[PDB]
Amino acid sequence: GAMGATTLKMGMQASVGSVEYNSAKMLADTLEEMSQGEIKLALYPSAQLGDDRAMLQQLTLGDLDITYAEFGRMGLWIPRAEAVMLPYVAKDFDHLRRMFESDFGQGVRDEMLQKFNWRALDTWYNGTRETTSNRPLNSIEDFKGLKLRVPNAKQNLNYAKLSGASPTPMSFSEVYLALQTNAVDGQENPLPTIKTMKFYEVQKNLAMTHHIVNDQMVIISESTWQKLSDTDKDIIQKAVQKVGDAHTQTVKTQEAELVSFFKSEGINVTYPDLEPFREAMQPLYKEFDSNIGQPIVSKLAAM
């Protein structure tokens, strides 16, 4: 093969052992097989190249080929993209992916490509945040008085505020003790985090609020992409989608196993009606639609 291989490079914040890393490695292996060795992918994990914004910057300049980035994370640079991580806008992942393919999604992806040389190949489901507490939460009404810990993130703050709770920003490192001692009444995170940090050990209740649905977009530097042959483009396109279907199924399966596990562990799992939460988010939706000067959210919410 005088033409040699093409060794692409992929950066990620996540570390060996994680689902993101295992999916990246599956992507490396898939590309190498489907190309018969002509496309290889080198992985750089654990933020060895910087954080996600540093890595996107290396994509913009063609110094790095592939990275992950949340759809909503684009709102830092394309303000309307933030609509997709306002709480309760995405109902489930299929809905988030519908937004990615919609006229709105497509307009965000054309701006990503034109302004910053980012070509979004796919969106992969990466889990939904849920709510633990020291008392059961069976409707939005139980949220009143609830000292809910959140990270110091705008949308996490907004979920707790507009649900009626008492937002309590606090460093992740303090959370477990604050729960154990009822300095705080609850917190919110994906289920794997709840398991890994043993928050279920000091929280008797889990509520399936489904308030924040996450993804990871797979993004390739446009400078790389233009350099590639059309067959190589197709192998990459297909492999990313194939690995994303497996990624998405892995996350969904693990969530279902974890809810089952929590129930079997004596965690009390509730399922509040969510239209009351979507309705309680309206003030923020129309504020967002105003500061953007255009009805974005309601269209997205309807998809």
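Numbering starts at 1 and runs along the sequence shown.
For the pair 8 to 16 and 280 to 288, the record assigns the higher mean C-alpha temperature factor to 280 to 288. Comparing the deposited coordinates for 35 to 43 and 22 to 30, the stretch with the larger average C-alpha B-factor is 35 to 43. Of the candidates 173, 182, 128, 216, the PDB record gives 182 the highest C-alpha temperature factor. The top Cα temperature factor in the record, among 189, 155, 221, 209, falls on 155.
Placement of the Cα temperature factor of residue 76 within the chain: middle third of the modelled residues, per the deposited record.
Among the modelled residues of the chain, residue 124 sits in the lowest third by CA temperature factor in this PDB entry. Sort the chain's modelled residues by C-alpha temperature factor and residue 97 lands in the highest third, per the entry. Per the PDB record, residue ranking by Cα B-factor puts residue 141 in the middle third of the chain.
In this PDB entry, residue 255 carries a Cα temperature factor that places it within the lowest third of its chain's modelled residues.
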